[PDB]
Structures are given as structure tokens and as C-alpha cells.
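One chain comes next, on its own, written out as C-alpha cells in the form deposited in one PDB entry.
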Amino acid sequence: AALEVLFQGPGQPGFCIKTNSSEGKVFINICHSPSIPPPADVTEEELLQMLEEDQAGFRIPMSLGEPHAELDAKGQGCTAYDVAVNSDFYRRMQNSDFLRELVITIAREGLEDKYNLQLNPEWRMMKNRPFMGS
């Protein structure tokens, strides 16, 4: 459901999602920029029905950044990927847990497809960091 656009990141830091592959820790930096087009403007109700009809029916424009190696708060190596969405859409995500978690799934699956990874679906929001890296 990710519609990939090429965007040399990062935009503005947003929030940071911790997951992992079979080989190590992976962080998804959800960022935003006015450069990234928004998805179609729909209500939460209309969105729910689209997912019933197509698991990937709601296409979201986003960048899928190249991996960069970083050190976590404990000084250990990890991978970060910068994933940027539209700024106005990001504000909408801030006000909807359902919308935010949908976008996180689409970003995770987008990265899985692009980099041939299996990423743990049991992700967690980082509380001490909006962004892994500089």
C-alpha cells in the first residue's frame, strides 16, 4: 500500500518505531515534509470500509529511506530507516491512533518489500526519542 516517492531525507522528525529483523534491531523514523503528497482525503469510516475490500486499498505516498547505521541510547548498533509522509497528513495521524497504526503497518511492509526483510510486527513506540540518528 506504500506509494514510494524519492525524497532525500530527512524531513521533520516525527516519531520513532522500534522493531527488529532476524539479525538485529531496526528503527523506523516516521518523518514528514510538505514535499510528500498526501493520500486521498477520506473519513475514518470510509477508510474502514476500504480495508475490508482491499488490505492495501488505501495507498499512502511515502519515502522509503536507505538504511543508516546508528547507536542506540545504550551505545549499541542498529539500523534506522527514514520514512517521510505529507505534513498535513502527519497532523491527522497525531489525532488518530487508528490512522497512525495503519501508517506504521504500511511503512513496515513497504520496507520489508523493498529490502527483502522480515520485520517483527510487535513494534513499540519509543518514548525517549522522536528519531533514531541525527
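Each residue number is its position in the shown sequence, starting from 1.
Just so it is clear, the following notes concern the form solved in complex with a partner chain, a form of the same protein that is not shown.
Contact check for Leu117: no non-hydrogen atom falls within 4.5 Å of the partner chain in the bound PDB entry.
Using a 4.5 Å cutoff between non-hydrogen atoms, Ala69 does not count as a contact of the partner chain in the bound PDB entry. Proximity of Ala73 to the partner chain in the bound PDB entry falls within the 4.5 Å heavy atom cutoff.
Although the partner is absent from this view, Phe58 stays clear of the partner chain in the bound PDB entry, with no non-hydrogen atom inside 4.5 angstroms. Only one of 25-33, 103-111, 58-66, 89-97 lies within 4.5 Å of the partner chain in the bound PDB entry by heavy atoms, and it is 25-33.
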